[PDB]
Amino acid sequence: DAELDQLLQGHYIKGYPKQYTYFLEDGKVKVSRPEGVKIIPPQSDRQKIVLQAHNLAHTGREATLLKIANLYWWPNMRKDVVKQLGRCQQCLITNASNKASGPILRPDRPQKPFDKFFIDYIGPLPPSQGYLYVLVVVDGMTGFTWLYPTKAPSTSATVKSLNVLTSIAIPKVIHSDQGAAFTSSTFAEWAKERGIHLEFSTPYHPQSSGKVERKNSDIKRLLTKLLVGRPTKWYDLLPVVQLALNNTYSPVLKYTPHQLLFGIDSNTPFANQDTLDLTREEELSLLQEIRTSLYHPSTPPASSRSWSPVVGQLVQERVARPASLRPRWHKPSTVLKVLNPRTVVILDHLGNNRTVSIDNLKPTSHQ
Amino acid sequence: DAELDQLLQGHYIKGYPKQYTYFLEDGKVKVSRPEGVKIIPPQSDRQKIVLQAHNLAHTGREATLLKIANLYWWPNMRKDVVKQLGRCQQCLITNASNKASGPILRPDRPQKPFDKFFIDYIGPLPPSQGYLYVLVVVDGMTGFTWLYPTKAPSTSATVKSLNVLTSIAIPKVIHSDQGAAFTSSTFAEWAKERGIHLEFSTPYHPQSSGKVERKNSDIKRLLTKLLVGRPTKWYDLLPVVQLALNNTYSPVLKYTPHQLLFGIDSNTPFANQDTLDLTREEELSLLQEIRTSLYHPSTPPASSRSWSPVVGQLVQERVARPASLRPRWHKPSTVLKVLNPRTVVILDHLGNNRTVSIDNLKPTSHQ
Amino acid sequence: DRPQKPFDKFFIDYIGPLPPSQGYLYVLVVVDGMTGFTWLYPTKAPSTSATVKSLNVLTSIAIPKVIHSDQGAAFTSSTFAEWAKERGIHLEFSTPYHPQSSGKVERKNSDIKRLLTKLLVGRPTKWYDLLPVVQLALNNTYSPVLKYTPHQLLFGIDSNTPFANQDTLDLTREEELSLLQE
Amino acid sequence: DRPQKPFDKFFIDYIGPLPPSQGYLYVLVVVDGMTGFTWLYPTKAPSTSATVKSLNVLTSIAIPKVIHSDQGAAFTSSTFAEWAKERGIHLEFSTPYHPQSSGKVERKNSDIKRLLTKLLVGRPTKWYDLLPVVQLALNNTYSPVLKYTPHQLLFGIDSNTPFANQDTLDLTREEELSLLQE
DNA sequence: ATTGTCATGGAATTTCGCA
DNA sequence: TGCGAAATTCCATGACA
DNA sequence: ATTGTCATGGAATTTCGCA
DNA sequence: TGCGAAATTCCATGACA
Ligand SMILES: O=C(NCc1ccc(F)cc1F)c1c(O)c2c(CO)ccnc2n(O)c1=O
Ligand SMILES: O=C(NCc1ccc(F)cc1F)c1c(O)c2c(CO)ccnc2n(O)c1=O
Ligand SMILES: [Mg+2]
Ligand SMILES: [Mg+2]
Ligand SMILES: [Mg+2]
Ligand SMILES: [Mg+2]
Ligand SMILES: [Zn+2]
Ligand SMILES: [Zn+2]
Numbered sequence: 028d029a030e031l032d033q034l035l036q037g038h039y040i041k042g043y044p045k046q047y048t049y050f051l052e053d054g055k056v057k058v059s060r061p062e063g064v065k066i067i068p069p070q071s072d073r074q075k076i077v078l079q080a081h082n083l084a085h086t087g088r089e090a091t092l093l094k095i096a097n098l099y100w101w102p103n104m105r106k107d108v109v110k111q112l113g114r115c116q117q118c119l120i121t122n123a124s125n126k127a128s129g130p131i132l133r134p135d136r137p138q139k140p141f142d143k144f145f146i147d148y149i150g151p152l153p154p155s156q157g158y159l160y161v162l163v164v165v166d167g168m169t170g171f172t173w174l175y176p177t178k179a180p181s182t183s184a185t186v187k188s189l190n191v192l193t194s195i196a197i198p199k200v201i202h203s204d205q206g207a208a209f210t211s212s213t214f215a216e217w218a219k220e221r222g223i224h225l226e227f228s229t230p231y232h233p234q235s236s237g238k239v240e241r242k243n244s245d246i247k248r249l250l251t252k253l254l255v256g257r258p259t260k261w262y263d264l265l266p267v268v269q270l271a272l273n274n275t276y277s278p279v280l281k282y283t284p285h286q287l288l289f290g291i292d293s294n295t296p297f298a299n300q301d302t303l304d305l306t307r308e309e310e311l312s313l314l315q316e317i318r319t320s321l322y323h324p325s326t327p328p329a330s331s332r333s334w335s336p337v338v339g340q341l342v343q344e345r346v347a348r349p350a351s352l353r354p355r356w357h358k359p360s361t362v363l364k365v366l367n368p369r370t371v372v373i374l375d376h377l378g379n380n381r382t383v384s385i386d387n388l389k390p391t392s393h394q
Numbered sequence: 028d029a030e031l032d033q034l035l036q037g038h039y040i041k042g043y044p045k046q047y048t049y050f051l052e053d054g055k056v057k058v059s060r061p062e063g064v065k066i067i068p069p070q071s072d073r074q075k076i077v078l079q080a081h082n083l084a085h086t087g088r089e090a091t092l093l094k095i096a097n098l099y100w101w102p103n104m105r106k107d108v109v110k111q112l113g114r115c116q117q118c119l120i121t122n123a124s125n126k127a128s129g130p131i132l133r134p135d136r137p138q139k140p141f142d143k144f145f146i147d148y149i150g151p152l153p154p155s156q157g158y159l160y161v162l163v164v165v166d167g168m169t170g171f172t173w174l175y176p177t178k179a180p181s182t183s184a185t186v187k188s189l190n191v192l193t194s195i196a197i198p199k200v201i202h203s204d205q206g207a208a209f210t211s212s213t214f215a216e217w218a219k220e221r222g223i224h225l226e227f228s229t230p231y232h233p234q235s236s237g238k239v240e241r242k243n244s245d246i247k248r249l250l251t252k253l254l255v256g257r258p259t260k261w262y263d264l265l266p267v268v269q270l271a272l273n274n275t276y277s278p279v280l281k282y283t284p285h286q287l288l289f290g291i292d293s294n295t296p297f298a299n300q301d302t303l304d305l306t307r308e309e310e311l312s313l314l315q316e317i318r319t320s321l322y323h324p325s326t327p328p329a330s331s332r333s334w335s336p337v338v339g340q341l342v343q344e345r346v347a348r349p350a351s352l353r354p355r356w357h358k359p360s361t362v363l364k365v366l367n368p369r370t371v372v373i374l375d376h377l378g379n380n381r382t383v384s385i386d387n388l389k390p391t392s393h394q
Numbered sequence: 715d716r717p718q719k720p721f722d723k724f725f726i727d728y729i730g731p732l733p734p735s736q737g738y739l740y741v742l743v744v745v746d747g748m749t750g751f752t753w754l755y756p757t758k759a760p761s762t763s764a765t766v767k768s769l770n771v772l773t774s775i776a777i778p779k780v781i782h783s784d785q786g787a788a789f790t791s792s793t794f795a796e797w798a799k800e801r802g803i804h805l806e807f808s809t810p811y812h813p814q815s816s817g818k819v820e821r822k823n824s825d826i827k828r829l830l831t832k833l834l835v836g837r838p839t840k841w842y843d844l845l846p847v848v849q850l851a852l853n854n855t856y857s858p859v860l861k862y863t864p865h866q867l868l869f870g871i872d873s874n875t876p877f878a879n880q881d882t883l884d885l886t887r888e889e890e891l892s893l894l895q896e
Numbered sequence: 715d716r717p718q719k720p721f722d723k724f725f726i727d728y729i730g731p732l733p734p735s736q737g738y739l740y741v742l743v744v745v746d747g748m749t750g751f752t753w754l755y756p757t758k759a760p761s762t763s764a765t766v767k768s769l770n771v772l773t774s775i776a777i778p779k780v781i782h783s784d785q786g787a788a789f790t791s792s793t794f795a796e797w798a799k800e801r802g803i804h805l806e807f808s809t810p811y812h813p814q815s816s817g818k819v820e821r822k823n824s825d826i827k828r829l830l831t832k833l834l835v836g837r838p839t840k841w842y843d844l845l846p847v848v849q850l851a852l853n854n855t856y857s858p859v860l861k862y863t864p865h866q867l868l869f870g871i872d873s874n875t876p877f878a879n880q881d882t883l884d885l886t887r888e889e890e891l892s893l894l895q896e
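Residue numbers (my numbering), protein chains in the order written: chain A, 28 to 394; chain B, 28 to 394; chain C, 715 to 896; chain D, 715 to 896.
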């Protein structure tokens, strides 16, 4: 009001260009701009004006400004527009992100067999012999896979199947998602009794279990092909598929999961006979070098508009199972630690510490 | 057998390199290759060998060859491998495509309002006043949207709502997907009585209705923001959202759907007053030029490994709702006509003519 | 002075009571003062409730600066006044017993009352279904003064339903006899 | 001659009948002739059916070229012969009453029968749950001849469960008394 | 017989106010 | 005739089941 | 406290057989 | 020392709820 008073008489005020005639009409300070005559509201009224324009349809920066520009003008209008957008809780938790996640990590292949198991459940499937699910256990280094049919993705069925598997060898680490069968205290006690470290993916990020998930695709693809024209009796096919996939060549590796595990084919069709004249000690020596020379992919190029997490940054976790007409994003939270360019710890919306993937995060807009 | 007979004595046969010693051992013709000693099977046995290797895990070109190469060798092995892959019905209908669709078309914006309506249903939603669905009608040229709550995505509810809409004007064409409400003979008769041409998207391709689908996103996004912290009573908000979105600026267009339809704002907040001194005839003249100068996007660049349809080509339509462990692709079919680089007519797997989008097609591998 | 524009002034009035058609008895007539564009809303009473209910549909498409009506009870109520004030609509009333609008609006309301009568005869209880086609006819009628139809002035385009054939708008001799009996 | 390899020859035999543990009475013992690696499968009978059922689990992981056994009924049946022929497995039988395998296999089967006895005492009806840890012990036992454990020869790596502490494998004086009573 | 669309906010580019 | 800053435009990102 | 993966088949590149 | 063709490698595409 006092700022606008000195402007009407002709005195200069920073932000208001001098080459325009500021006059008074109908009790409102106006200005003759190239687009037309606009009302210059006092500083004390500009926040309320930006709010009324935004609240019409909760529009972003430009769509909110085009409304205000129809009637008003003042120095640095978008600055006041963005200020309100960053304070509108409804827009922050409902709008989508326009910044992609940084490029994925390609973690090193486990050095030895049984160094790390990946496990996951497939199902529910068509009922076969009373069974509905399949426990899939993939050795990270070899890709060798064990299949176990179960009636439920339960901890009890998981333990019974893994006790049979661990008859052959005990793994260092078992990696799984945060499903109910693997996060139960009963499963943790089972792993501790056997010296097995339990590793868990970040929530709602099956890419972290991409080792098994990819193997799940091959299992279903083969089961589909074998069941074409037949009723879906898959129970008796699980041993067939397990053997078939474990002895299938990976074209980029030039080896099968069986060969990476044993260094020699068994009495299967088209068994490789190259190491026939070598001794077992010479055969294992060649196997130890084959395992270390395997192809390993590198991190892909980052997309043109990606974001990487920074300690202290305001981020928002995606809502797991959002109800109809409910926001897709939680309220803003702060990054506590950056474990890797793709994984962070945040101060959760409940007050807890949470370890999440950036694929389920967006950086809070407008700072 | 006779071909292999002349090879043992040293005579040259095309395809078999001369610089290798072909000998006989254990009743089988063998050869000393750099990789080792391989069996050369007779021509009459090579098809059965490729089949047994493929059928182990129904593997592609290289994974099937790496099996055969462990024991056998003959001229142009991959040629015989690919020949079997193109005949294996299970692989053709179960495997995924590795060729992306050609770039999308950006069809011209309708020249006038009411030239083309796009319609679609949103729902089911949380029960609000007994209503579960929303009929969304978007004018293609303006983006102006009408909202109608219904108890079901039915033809009867669609007709009752459109009879109210067509009180203001009758459209030339109504475009919709192939939902039950829009494909019923009752709806076709309703449109014919009013001189309205019914246009339908290709099946299972909501991109073709992208005009409404995109508007559906804005409707749900605004309804979400307005319902934050409140129970999802959306029935009384549909008129509010309809008015809010119809008067929202499109930042790339610099106009609202209301302005493109009427050429002048009504008594809404922040109404534009630029054409205040013009007459209505001068205002409509400016509106007629604004409609013709609107920004129109162009077709994006094709991806590095895209495919475009050719008449006579063998393609496969995606299965609509594939059951568990069932193939994702129909049996191969022939392209009859290419309506546009993104739409074709095929001789359907039942014997009918079908108009499909290439997004739901894959070119049959191995010709 | 500023030229007249659409949404500058809406003229509203009630027509009825009419023979019951699917439960409705009245028609709320809304005419835009500049274009002559007409909206017809069937109500069950000439009440503020039915008026607000029907104008909420219209004001979800466009909001007038001014609404003009007579001193009817539904329009002079404090409820309807609060309704108009919330939407920034200025209410403007004609003098009691001195109904005043404009020549274009007067003639437009004449056409509506006459067109309703011509189709009420023979089908007096089916006018609810006919309200859509009645609006199309009224809004695609050529205006002798402006030389443009209401549809053309509101949207700036020609219409997909041009009404070149004009109903007589007068009752034929057989329609007069079947009306004096009703 | 070609050096000996894993999966060249599997030696199978039945141990039992044993005290019932969760319904099972026998243990089908499978030993790889080259590595000494041992698989233990509990069955309810020394029948061809139970043998095929347990070997189907093993042959879904690796298939031997040759299976060696004695002239036991389950192994000389025409059904088990058809089963082996379908998987390309050559059956090889020792002379009746002249059981013959190999020194490494003979000693390995000795360790299994002795290790089972040492844990049968005290818990005679709970050996079903102990079969996993028994296989781990057998397959991580240091071989004096080859100077490598069966696990190391089969996988070419060290194990995450090395068994440095060796059970006495002989029955203590108190275990002998609690066994003569059973 | 048919066909993607567009709000969004950082970044890239242009325009403005002044000299 | 050019500077710093504001204003405008650009456009990758994601979601419409 | 944790992290994508890899079969697939045309295309691009290298190797082979021969001179 | 270089050619045509076969063999190998490359890698974008898509799917694991
Ligand atoms: O969406 C899932 N996969 C789909 C999927 C998507 C991307 C990818 F790169 C790999 C994938 F597999 C998925 C789950 O969402 C899930 C949940 C949560 O519902 C609990 C337990 N297991 C789960 N598995 O196993 C899943 O695969
Ligand atoms: O998947 C649907 N949308 C999702 C969707 C995906 C891509 C896109 F670019 C736009 C989209 F909207 C979808 C349907 O699948 C659908 C079906 C088939 O179930 C019948 C009737 N309507 C339907 N509508 O409206 C849909 O949006
Ligand atoms: Mg899972
Ligand atoms: Mg999974
Ligand atoms: Mg639809
Ligand atoms: Mg839709
Ligand atoms: Zn907002
Ligand atoms: Zn196949």
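Ideal placement from N, C-alpha and C gives every residue a C-beta, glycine not left out.
If you measure from the CB of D204 (chain A), is any heavy atom of ligand 1 nearer than 7 Å?
True, at least one ligand heavy atom lies under 7 Å from that Cβ.
Hey, is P153 (chain B)'s beta-carbon within less than 8 Å of any beta-carbon in chain A?
Interface criterion met: the Cβ of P153 (chain B) is under 8 Å from a Cβ in chain A.
Quick check: the Cα distance between residue 21 (chain B) and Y322 (chain B), rounded to an integer number of angstroms?
Chain B is shown only over 28 to 394; residue 21 (chain B) falls outside these bounds and no answer can be derived.
Take the Cβ of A788 (chain C) as the centre, count every other Cβ of all protein chains shown within 10 Å, and call the residue buried at 16 or more, exposed below.
The Cβ neighbour count for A788 (chain C), taken over all protein chains shown within 10 Å, is at least 16; the residue is labelled buried.
Can you tell me whether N367 (chain B) is helix, strand or coil according to DSSP?
DSSP places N367 (chain B) in strand when its eight states are reduced to three.
Spatial neighbours of residue 395 (chain A) in its chain, beta-carbon cut-off 7 Å, leaving aside the 5 residues before and after
The displayed coordinates of chain A run from 28 to 394. Any statement about residue 395 (chain A) would go beyond what the structure contains.
Can you tell me which of the three DSSP states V819 (chain C) falls into?
In this structure, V819 (chain C) counts as helix in the three-state DSSP scheme.
At least three beta-carbon pairs within less than 8 Å, the stretch 224-232 of chain B to the stretch 155-172 of chain B
These segments do not touch.
Output, in chain order, the set of chain C residues within a Cβ distance shorter than 8 Å of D304 (chain B).
Near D304 (chain B) (Cβ distances below 8 Å), the residues of chain C are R716 and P717.
Pull up the distance between the alpha-carbon of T177 (chain B) and that of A127 (chain A), whole angstroms please.
Computed Cα separation, rounded: 37 Å.
What are the start and end residues of each continuous alpha helix (DSSP H) run of 4 or more residues lying completely inside the stretch 754-838 of chain C, in chain order?
Fully contained in the stretch 754-838 of chain C are the following alpha helix (DSSP H) runs of length 4 or more, in chain order: 762-772, 787-790, 792-800 and 817-834.
Span of the beta strand (DSSP E) holding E316 (chain A)?
Boundaries around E316 (chain A) are those of the alpha helix (DSSP H), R307 to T319, since no beta strand (DSSP E) includes it.
In the DSSP output, which residue or residues are listed as bridge partners for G63 (chain A)?
Looking at the DSSP output, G63 (chain A) sits in a beta bridge with A:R60.
In DSSP terms, what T382 (chain A) is bridged to
Per DSSP, A:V372.
Any beta-carbon of chain A closer than 8 Å to the one on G786 (chain D)?
False, the Cβ-Cβ gap to chain A never drops below 8 Å.
Could you please give the first and the last residue of the uninterrupted alpha helix (DSSP H) stretch that includes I76 (chain B)?
For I76 (chain B), the enclosing alpha helix (DSSP H) starts and ends at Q70 to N82.
Can you find at least 3 beta carbon pairs, one from the stretch 720-728 of chain D and one from the stretch 288-308 of chain A, that sit closer than 8 Å?
Enough Cβ pairs lie closer than 8 Å, so yes.
Is the beta carbon of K65 (chain B) closer than 8 Å to that of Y43 (chain B)?
Contact check for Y43 (chain B) against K65 (chain B) fails: the beta carbons are separated by 8 Å or more.
Identify whether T172 (chain B) lies in helix, strand or coil by the three-state DSSP scheme.
DSSP places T172 (chain B) within a strand segment (E or B) once states are collapsed to three.
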